[PDB]
Structures are given as C-alpha cells and as structure tokens.
Amino acid sequence: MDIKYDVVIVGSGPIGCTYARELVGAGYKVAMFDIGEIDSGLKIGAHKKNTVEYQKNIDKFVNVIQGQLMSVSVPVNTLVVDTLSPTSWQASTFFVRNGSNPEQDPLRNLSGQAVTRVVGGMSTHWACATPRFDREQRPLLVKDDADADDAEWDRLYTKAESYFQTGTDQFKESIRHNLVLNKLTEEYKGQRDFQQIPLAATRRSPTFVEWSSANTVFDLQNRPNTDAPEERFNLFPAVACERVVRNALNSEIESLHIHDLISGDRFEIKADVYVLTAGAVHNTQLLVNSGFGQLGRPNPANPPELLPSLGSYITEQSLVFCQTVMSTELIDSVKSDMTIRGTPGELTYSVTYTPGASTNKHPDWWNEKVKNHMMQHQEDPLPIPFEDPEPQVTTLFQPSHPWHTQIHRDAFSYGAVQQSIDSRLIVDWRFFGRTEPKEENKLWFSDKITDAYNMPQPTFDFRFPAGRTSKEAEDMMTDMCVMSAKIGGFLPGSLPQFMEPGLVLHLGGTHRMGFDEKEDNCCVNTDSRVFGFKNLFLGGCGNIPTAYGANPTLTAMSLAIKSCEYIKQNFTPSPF
Amino acid sequence: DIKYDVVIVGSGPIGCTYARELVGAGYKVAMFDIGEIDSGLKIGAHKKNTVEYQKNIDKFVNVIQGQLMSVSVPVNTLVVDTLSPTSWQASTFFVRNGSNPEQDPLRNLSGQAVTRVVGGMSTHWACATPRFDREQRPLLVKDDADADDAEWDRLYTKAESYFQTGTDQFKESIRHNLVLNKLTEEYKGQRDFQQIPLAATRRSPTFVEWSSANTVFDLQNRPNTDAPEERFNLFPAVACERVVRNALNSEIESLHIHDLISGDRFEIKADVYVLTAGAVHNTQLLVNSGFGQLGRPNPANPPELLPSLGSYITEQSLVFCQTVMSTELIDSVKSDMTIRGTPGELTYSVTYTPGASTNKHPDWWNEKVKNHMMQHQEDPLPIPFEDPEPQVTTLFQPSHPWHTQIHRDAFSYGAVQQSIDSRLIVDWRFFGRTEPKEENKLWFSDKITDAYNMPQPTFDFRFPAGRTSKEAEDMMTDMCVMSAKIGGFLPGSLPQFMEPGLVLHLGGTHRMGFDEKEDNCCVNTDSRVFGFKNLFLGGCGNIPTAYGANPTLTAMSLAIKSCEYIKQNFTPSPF
Amino acid sequence: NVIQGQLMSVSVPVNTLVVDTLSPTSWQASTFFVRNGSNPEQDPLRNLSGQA
Amino acid sequence: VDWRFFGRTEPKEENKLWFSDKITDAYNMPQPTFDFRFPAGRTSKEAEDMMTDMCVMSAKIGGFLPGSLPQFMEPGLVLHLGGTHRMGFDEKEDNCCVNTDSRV
Ligand SMILES: Cc1cc2nc3c(=O)[nH]c(=O)nc-3n(C[C@H](O)[C@H](O)[C@H](O)COP(=O)(O)OP(=O)(O)OC[C@H]3O[C@@H](n4cnc5c(N)ncnc54)[C@H](O)[C@@H]3O)c2cc1C
Ligand SMILES: Cc1cc2nc3c(=O)[nH]c(=O)nc-3n(C[C@H](O)[C@H](O)[C@H](O)COP(=O)(O)OP(=O)(O)OC[C@H]3O[C@@H](n4cnc5c(N)ncnc54)[C@H](O)[C@@H]3O)c2cc1C
C-alpha cells in the first residue's frame, strides 16, 4: 500500500465500480477498499450465478443469497421457550442475546434489511433488473426545463445500460416467457403495455446466461497490467473503512481511516478525492462515525449541525409476492397447432404440424420445439420443453398503476420453489410500491451498541407513510391478485402476501440528493458532492430522494456517471 | 500438451493428495474438475475462512445447502388438491423436476449429495480428521499386526501434516473445557475425552484458518516463480466421462472429456490415470466405461469386469441433537469468584484470587469471566461473548462402537434460531459403523441420465439387520444418556436419526482388498484397479470396512500409499 | 380434538410475537398491549402455560 | 406406542398460585396467575434422569417416531396440579390449609 492516491473508493459494488471505470480510465491513480473478500472465482466481483452448476440448479442459488445477507438490525427476541428441561439454564428476562440490538423497536423496523460484504457487493448475487425511471419516479437534474432534464437522463441511462450490458431480448426464445407476455398483452387491450424486463445479462447459449455484475462494469484487476499498461488501480479486500477525517472547517476531507482485517492494523490513507460507495446503510454509518449528522437516538431538541438531513427521509419499497400455476387454457394453447393421432407410448403415436401454414397461431420454431418435446418425451404430459428459459415479463410503472412489476422466475432470499408442482408451470409475481419520503422515517446509529465490526449499530425507525404510500400499497396487492389470475391460480404455499419490510433491498434516501441543502432537505448536490465539502462524494441508492417503485441500481449508476464528469472536470490526475 | 504423465479426475482433497505427491516428484500433471473456481484467489480453499463467515458462522449452513446437489430424488407423490380450478393439474405423479423414476423411495440414501466445485467438499467440510483404530481400519498388511500398525502410523502422520491436523486450537474455549471436564468426571475412567482432531490452524482468538484441498496442494498452474521446475495444469468446468480400456483390460488408453464452456469433447492421453471424483462419481465414471454392470442389477447375468464395483456400499447411521447448558455447569464457570451486590448497582463487584491453589480454574479463565461480568453487567451469563466453540470427542471403542462429536459447527441441517443464547448450545453427533453387505448397492440407469448426461445414479440400500441396527439404536441411547450430563435437549433439536446419507460418509463403492475374488473388491492396497497397469482410484469409496469415524484422513492415507506405488513404477517425462 | 376444545387455559401471558407483514393499510399496534383475554400479571417465564 | 413418564415435584413455599386484584377472568372472578419453576435440587435432577430413563427404556421396544421425539411437555399440560390448599395435621407446623378430614 502506498498511502497517497488521487482517488479512494470505499466499496467494490457496481456503483464503486462505476467510479473506478470512469476514473481509472481517465488516468487517475485509484485505490478501492472493501471490507469483504474476493470469492466469485478468477473474475473478481463477478456474478456467482455464472457457474454451469448453478444454471443447472437455479433453485439452490436461493441458499447462496440467504448465506451472504447479514441482517442490519435484529431486535431482542421475545419468543417463549418453556419446554427446556428443568436442569437447563433458563433465563429470567428477555436479555440481549445473539448479536441483537436493544435500541431497535421491533414494531418500527425494516427487519428484512440486510447487507452483503464481499467484493462486488450485492451484484455478486442480484437478479439484474435494470429499468429506467420515468419522470414521476426520478429526481430532477435540470430545473425548469423538462426537455433538457429528459435529455440528460437519457444520456446517462444510455451509458449506464452499456456499462451493465442491459438488453431486452435475452429471453425471447422462451415458450413460457412468450405465453405469459402474449396473454397479458391481450387481456389488457392496450390499457397497459408489457415487455421483457430489461436485464443486465448476455446470453451465451440456449442454456447459459452470463449475468452482469460489478465485474462487468470494471474487472477489478490491479493495474498497470498487460491489457492496460498506463492505468493505475489497486483493490484492497478485507479492509474495514471506519472514518473520513474532516477538517475543523468542515470544508474538506483530509484522510481515510482504515482497519486491515487480516493483519489487525489501522492506517490513514490520503487522496485528492474521496468516494463513498459502501451502500445505503453503510455509507450513512461511515459518515455518522466521522462526525456528520448525530450519533444516538434522534433528538429534535438537539438537531445535528452538519448534514442534518442525513439518515432522515429514508424510503424502502412495499413488496408483494405470490406464485402461480399456469392455467389449463394456456397450456393447451402451447400445442394448439399440433395434430395428435393415437396415444402417447403407442407405436403409431403422432404429433405433427404444418410448417408455414397460415392457420398456425405460433411461429415454426415454437411448433418445432413443441412437437420434438412431445415426440421425444411421451412420458411427459406437458408441451413445454424441459430446458425452456424462464419468463421475464414486466409492465412498467405508470401514473395509473404506480408500482413496478415483475412476472418472472429468479432467485431471491425467500424464493423457495418446491417439488410437487412441475416448475415449467410456475411463475413468480413481485410488485414493488413507491414510498413517500418523510422526515420521521430514519436510519440512525447507536452511541452505545456496536455491530460485528465495532462500528455504531444501525437502528431503524420506519413505518410506511399513511396516505398515498399505504393506499397505493394495498391497491398494488389488489392489482397483483387481479393480474395474476389471468395466468393461473396461486401456488399453495406461495399465496399473496406483503414481504417483511426491507427484504426487497431497495432502500433509498439515506444521504439524499437535491439542489439546495436546506430547501430540498438533502445531503449531496446533483454532482453527488456532499454540501460544504470540496472533495467528498457519495454514490448509491441512498442518493435517490424520490418515491420510486422500480429497481434503483441503474438510476444510482447514472447519478454516479454524472458525479464522475464533475470529478474529471475539477481534479487533475497525478503524472504517471 | 494434451499428453500428460498423470491425469487426475477431481480437485478435492484426495485428488490434491495425488497432485501434491506427484507434482512434487517431477511428473507432468493435469487435473480436471467438472466444477469451477469459485472460492477466492486461494484456489480450492475453505469458504469458511472469510472474516464475514467467522463473525456469522451460523450463516455458513446456507452456503453448504446451496452447494450440495441431491444424488437420487425419487418421484414426488405429494397431493396438492388446493390448486385453483383453472390451473393445470396433473392426473398422475409423473417424473417432474429431475426426479429419478428408477429410485425406490424406501431404499434410498435420500440425504446423499455431491458438490461440484474446485476443492470439492473440502471447500465446506467441518475438518474433523481422526485416525481409525484397528477395528475400523482396512488391513495393509496381512497377518502381522505390528507391521500393519507401523505402515498406518506412517501414512496417517504424513496425512496429518498435509491437512495441518492439530488437537489444541480450542484449548482456550471456556465452553469446550466446561463440557470436556464434566464428561470426563462423569465416566469415571470408562471413556477418554479429548479435542476433535481438526485440520485447522488458529490465527487469532477469533479466527481459525480451516484446512482444505488448497492446504494440501495450492492448485496453481506450474511452472511458476515459486515452483519453476514443476508441471501442473488445472482444468475446471471439464466433465470427465469415460476412461477407455484396451481389449486386454490391462491398461487405460485415454480419458474422454467434455469441456463445458466450449461444448467440445476431447480424448486426453496420460501414462497414469487417477480417479478421485468422489465415492458416487468414481463409480459412475467406471460404469460408464464398461466396468461393472450398467442398469438395474441382474443376478442372472453378473458382470465380467470388476463384479464387486458398487456393491458392499456403506453409509453411517447419524443421530443428532442439541442441548442447553445446565444451570449447574453455568454456575461452576464462576465458582472461583466472590460476588457481592447486585449487577448494575454501585455496590456490585466480582473478584478472584490470582494463582490460588484452591481455584478450580486457571487465571486466564477467571480474568475473562471477571471482565465479562464486570464490563457487561446487563448480561446474565458468565461466559464471554466471543468464547470459541466446544470441540469434544470420545473416540470409537469396542464397548462404544461409534464416533462422537460434542461441538458446534456448520452442516446442511440443524441451524440455530434466536431464542436461546448461543453460548449455552452444544451439538451432539454420533456416527455409527455399517457392515458391508453385497445387497447394498449403488447402480446406474441404462436409460435415465443426470444433468451432465451421464447414467443416473440409483441406490438400493437399507441399514443391515443385526449388528448394524442394534448398534444404531444403542448409539442413540448413548447420545441421550451422555448429553443429559451436560443439559436437557434444545427444543426443536430433539434426538433423531438423520435422513440416510446426510452425513456424507459413503464408503465401499469401489472397495479395497488383497484379492479381487476373496475380498470381494475392486482395488488392491496400492489402490490399483485389479488387472489394470495404470488405473488408480482414490477416496472414501476405497474403504471396505465398517467405520464410524470421519473417513477423509484414512482415504488420504491410502492415497499417499498409492502415490508411492506410482513413484516406484512410472518415470516422469523429461523436463 | 374434543379434549383440546374443552380445556380453557388458566393464565395466558401477553403475546409478544412480531407480525411485520401486515399490509400498510391495516391497523398496526405500537406496543404489545393486552389482547384476546391475556393476563398482564403473568410472567411468561414463571408460568404453567399448559394448565387449563 | 406412547411413552409418558411423570416426575414428582418438591413442595416449595415460593411456588404459588395467586389471584389478581385488578384483572378478572371470563366469569368476573379474580384472574389466576402462576409463579412457578421446577425446584432446583432433587426435582430437577430427577426430571432429567427421568427423561434419560424414557429414552433408555423405550429403545428396548423400537426407535422414536419422527415428529414425536423425546421432549418435556409445556409445564402444566399434564394437569396434575396439587398442594394449592394442602392437607396436614397442624396448620402452622405442616404449612397447610385442611386437616386429615379435609376440614379447613
Ligand atoms: C438477491 C438480490 C436481488 C437483487 N436484484 C436487483 C435487481 O434485480 N435490480 C436492482 O436494481 N437491484 C437489485 N438488487 C439490489 C442491488 O444489488 C443493489 O442496489 C446494488 O448492488 C447496490 O450497489 P452499491 O455498489 O451501492 O452497493 P453494494 O452492492 O451493496 O456494495 C457496497 C459494498 O461496500 C462494502 N462495504 C460496506 N461497508 C464498508 C466499509 N465500512 N468499508 C469498506 N467497504 C465496505 C461491501 O462489503 C460491499 O461490497 C438485488 C439485491 C439482492 C441481494
Ligand atoms: C458439510 C460437510 C461437512 C463434512 N465434514 C467432514 C469432516 O468433518 N471430516 C471428514 O473426514 N469429512 C467430512 N465431510 C466429507 C469430506 O468432505 C469428503 O469425504 C472429502 O471431501 C472426500 O474428498 P474427495 O477428494 O474424495 O471427493 P470430493 O471432495 O467430493 O471431490 C471430488 C471432486 O471431483 C469432482 N467431479 C465429480 N465428478 C466429476 C467428473 N465426472 N469429472 C470431473 N470432475 C468430477 C467434483 O466436482 C469434486 O470437486 C464433510 C462434507 C460436508 C459437505
């Protein structure tokens, strides 16, 4: 380790890797630190799902996700266990056990909130949905000029899409995908439009999809190297970043205080520019541990003096979930162009179609797949081929239906798909609500309790706002039930429900963006620069100040690209 | 150079034993694995050795669950009759979701699973490496028990070095000692309690570097700067499908592989062929090559080559529970303290006399207890929050013919919840020995194939009547009797037999003996396949005995002996 | 089932189970208050909960 | 086959059944409240030896039925409560409520 760099980046997730891509590529001497470790194979920070074995066994990936997500704030447990043997040590009170947080009100939590500490962050296991926000969900980047605002957003989103390798046709040969998309399109009669979920992914074969990750954005290899001989980049894993040291003036950051987890030692690191991309929760913890906002339980008799909006106006999306079992009608419809003679298993059983016939309801390639599956597998009672790729359908947020939707199959911490119903029939429904930012919804940090890395313990004080957020959430639940019925009934064991608050992992607004610190109740400006500080920048979903339902990461990356343009324009790389 | 001195199938710890031996001895080695490097820059290393997992050890259970893929899942017959009327609804229990229609659900090892990753199961195992005593141990020397003992002592010693096995990495756990000392007191000399021998090196009071395949051999391609005269290439994502027999059945001529990334298939040439793909997949590879018999066993048509392959399979019975430490034991932790006043109040104090001969515990223990009780007066227990886990065993003996572990560690089952303090909880796992019986089989379908288009494994297994069954129940009773001395059962973790094969200690699938016919076996004591000059098998599949203790060290020892034979009989090519 | 129906618990302590998947529109408690005939005098850890 | 083993509990003054002066039950009578733990010492040592004896004894007949594994039942489920208005010869010396004619 040198101790002096042009740029230091805290966190190796996709957003940190956005700053690395832009700034290493611009010739800056860059260091990036992550509290977590390299594990994803030789491609550092890559998606863990990109193994042949996971793609042959995609339900097991749910276990990988569950293992790496560490709960943010677990309240004290009050479950009664009164069948201990009389000889066993038996509590007299519900005392603080097993890492729990006594500061946390169990009834005002985001209990599902969790973080991932590994190189590449959560992009080592995410579901890769990268939609754009329309105006209603998005913060303004230009005031009093909507055309210019739309233009700037389209410019940034276009660049973010190419960084992630976002596309909308990787699942276009799936029979299940098309069956569902086409049925929904027909049922809604132009009242709503449906499309493939935009996904950060590149298909490699009919049975393998290279899902994108941080690695896609920046390969995280130390530089200079053979492929980039004039670039300078060093990644330092297993390094807990603990503070950014303020000057007394609060006009500049003077160093970064780090703890090397392997040797145990602490060091101070110097850069011209400091970028914090540690996530929505941990950016905030770092800043609060460094003297921004206020440590301890919020006290309005005693408002912070620096960045008083930090950790207020936090938003998390309401999430509803169910799975369905495909209707008899839609299954029969897969094979509507086949002529069938005889009984499966008999010597003269026959499934045939006429290629190119004007009366066919499906393209030739679909009918070829169906006929071959039915003929080659006469023991199997479905017309859908065994390795048909999954459905990836959406109708995007609109004023008339102000929630994001995903009608798909993918792996999440809660996905448990089971064994008695054939998986070809099963579709997942996830609808995502938008949450109004309210001052009273907070993420704060204990002045007494510490987490496993000896940092102040995160504590939430959150409820979904009454009024619009709550009315929309329940209308959203209703829309899922109404819409999913057009495809099939609910799968027993996956009935319509609200998911534990935060399980969705789309927290925002924890260090929010706006034009004016006071008037827009915010922490950073539209260059993601922290107000008052010449050289401190924050990236991530914690920047997003609006109520949004769609998946936030693409939008956070686009803000990061704009942040990088300010940096390139105002700091000089050191001579190489 | 698609010609090698040695090819090894599988990068788990046993393949890595062959690589360590043979790379070291100057051979041009290639190793293939069907899985991929997914463990960090240390190739094939233990996935538990991250700071984050060691601070969240209970979460590792999810990692193991994720990487164990079931070997044989029978057709599901569960009735779901609450589907909506509009939903497609089956009329029969057809073959769904990759299930194996050949498999009888009542004669399965349903808990059996495999791990396809570089490093194999050593990327997530619990690192217990006991030696087998004579009763559980295969013979290497016939009729000279002193010579047999000496050969095993040498091989095991070398295997323990390879694994970095030790027995005192937990000596400064209060919980460990609390449990060990109480058990030794209660058995009044009938049984010996000691630390589980563990393949691990402690790095700090809160961090242990668990050993893995990586520890045995680093899996870096060679030559490299640290090993300039060595020759090693590792080829991940390569499914190995058949070894080609000459017509004489005296030599292997080729290893046929399928590169999963490019999709292409190749025929690899070596002087020496080593199969170390696990007890299930070594057998699959051999059967797909014409050894044994493909398909449902047929007594009226016994195989001509290797007739014992896939017969005499053994798996251990496993019983498990957790307990909550007794109030007596918790009080005894603080037996040396003088405690006055009430916690949280001004007058409260906890003192002890350092070095006093009337103390039951050493000063390090009393200091830790004193500081915890004084610094955390809101906590009602005397055990420090970061105390390491217990790691206790009494090893298999004639009068108690099961292995025991009295400990905490991560496996695919048995996760904790949050209601009982973790410091009170202890896991009890007792492992039975299974008599080898010709009717217990692992065979492969001639029509159903698995996810890599290879013949589908199918088990025909029940625990033998007689000794095996009687000992399994006596073992359960033993666990109930012993655990009671430490505390009552933890609700939700009551004493139970685990699903057959969850324990993943499968042996005897390609078993070892002196004489193919007389010892009903597939390899000799050099682990060489009878009749074949240049084919060797490594792993637990080789072990032909009824054993209770954890098998991997014993398989590794057998692999070292195999390497000695290779070194005596083949010459490395010129570098 | 007949036995289960006729046995009425003697002392049921206040319930502290967390239910955090209510819809945002549903009335949602701020405290673990005395619900459903429970006994606030009863220490849940010094009970005969099975008594009926 | 079902196995139910029943332990004996030492009578201890501190183990109580009392009645609220504020909370009432469904029949508007004072609400019963327990203050109970199994006594340490003999009651507790016997209870756990008892568990062990069930496991030892039942093994001679068969293994445990999955789903009905050896356990302690919730305190009181057994419905054999005693000593709430206890008998003895002398009210004071035998710490009791009724004499051997069950007269108060
Ligand atoms: C299973 C799952 C599914 C998802 N699906 C989607 C999707 O479909 N679409 C979508 O947009 N979003 C999805 N997400 C969310 C997406 O992964 C996150 O929004 C995104 O990764 C955030 O990027 P980031 O770089 O800001 O933070 P992260 O990805 O969280 O990375 C931040 C990092 O900084 C580190 N760190 C934390 N503290 C410190 C410290 N003190 N010092 C040093 N380093 C530190 C971490 O170890 C970590 O790698 C999903 C997430 C999960 C887990
Ligand atoms: C959670 C758990 C805990 C355990 N704890 C312990 C412990 O405490 N003590 C103990 O002794 N053991 C225990 N074990 C078991 C121990 O892991 C195994 O016995 C040991 O890893 C066997 O090593 P091996 O090299 O023979 O096989 P494996 O580790 O199974 O490796 C064989 C490999 O070959 C591969 N392969 C398979 N088929 C092919 C093919 N066709 N072509 C190419 N490559 C192929 C695999 O991908 C794999 O890497 C545990 C296992 C688990 C999962």
Side-chain angles (χ1 to χ4, degrees), chain B residues 105-106 110-111 182-183 186-187 317-332 400 402 413-414 419-420 428 430 432 462-463 465 468-500 502, chain D residues 1-18 32-83:
Chain B
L106 301 186
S110 77
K182 176 65 189 184
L183 292 181
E186 290 284 325
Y187 283 87
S317 290
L318 174 61
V319 293
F320 158 84
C321 75
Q322 301 176 297
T323 57
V324 179
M325 218 76 78
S326 69
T327 300
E328 280 184 358
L329 281 176
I330 292 298
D331 287 338
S332 71
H400 49 105
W402 37 87
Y413 51 97
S419 191
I420 301 299
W428 296 78
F430 287 26
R462 290 265 181 112
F463 294 102
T468 300
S469 283
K470 162 160 198 302
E471 288 186 355
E473 210 21 70
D474 287 349
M475 183 179 74
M476 172 62 89
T477 301
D478 200 52
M479 179 177 76
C480 293
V481 169
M482 188 179 303
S483 69
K485 294 174 185 330
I486 293 308
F489 307 134
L490 176 66
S493 288
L494 303 176
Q496 58 196 270
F497 281 92
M498 297 310 299
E499 281 78 354
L502 226 43
Chain D
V1 175
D2 301 354
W3 301 75
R4 292 179 173 80
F5 287 22
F6 306 79
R8 53 158 182 196
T9 293
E10 313 157 82
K12 301 289 208 177
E13 193 181 350
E14 60 267 23
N15 279 337
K16 292 188 203 295
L17 162 61
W18 58 267
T33 307
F34 292 104
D35 184 349
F36 186 89
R37 285 269 182 110
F38 293 98
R42 192 191 72 188
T43 306
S44 285
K45 159 162 176 33
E46 284 182 357
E48 184 54 45
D49 292 344
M50 181 178 74
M51 173 58 89
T52 302
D53 197 55
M54 177 179 74
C55 294
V56 168
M57 193 184 299
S58 69
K60 287 154 184 352
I61 300 307
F64 307 134
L65 178 65
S68 299
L69 305 174
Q71 55 194 275
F72 282 88
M73 294 317 287
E74 288 77 351
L77 222 51
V78 65
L79 294 183
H80 285 177
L81 180 69

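All chains are named by letter (A, B, ...) in the order of the sequence lines, taking the proteins before the strands, and each is independently numbered beginning at 1. When reading the values below, keep in mind they use all heavy atoms of this one structure, side chains included, and skip hydrogens, waters and symmetry mates.
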Inset, instruction - Mind listing the closest non-hydrogen atom pair of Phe38(D) and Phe36(D) along with its distance? - result: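 What the structure gives for the nearest pair is N-CE2, 3.7 Å.
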Legend entry - Nearest atoms (heavy-atom pairs only) where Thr52(D) meets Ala484(B):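 Nearest heavy atoms, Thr52(D) then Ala484(B): OG1-CB, 3.3 Å.
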Legend entry - Close contacts, residues 66-73 of chain D versus chain B, judged by heavy atoms under 4.5 Å: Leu69(D), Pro70(D), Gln71(D)
Inset, instruction - Output all residues satisfying salt bridge (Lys or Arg N to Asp or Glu O under 4.0 Å) with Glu328(B), sequence neighbours left out; order by chain, then residue number. - result: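 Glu328(B): no salt bridge (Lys or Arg N to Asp or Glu O under 4.0 Å) contacts found.
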Inset, instruction - Please list, chain by chain and in numerical order, all residues satisfying ring-ring contact (aromatic ring centres under 6.0 Å, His included) with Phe34(D), sequence neighbours excluded. - result: none
Legend entry - Of all pairs that satisfy salt bridge (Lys or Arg N to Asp or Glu O under 4.0 Å), the ones with a partner from residues 1-11 of chain D, not counting sequence neighbours: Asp2(D)-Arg4(D), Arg8(D)-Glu46(D)
Inset, instruction - Decide side chain to side chain contact (heavy atoms under 4.5 Å, CB included) for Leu318(B) and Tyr413(B); before the verdict, give the C-alpha distance in whole Å, the side-chain angles of both, and the deciding distance to 0.1 Å. - result: CA-CA 12 Å; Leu318(B) 174 61; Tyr413(B) 51 97; 3.4 Å; yes
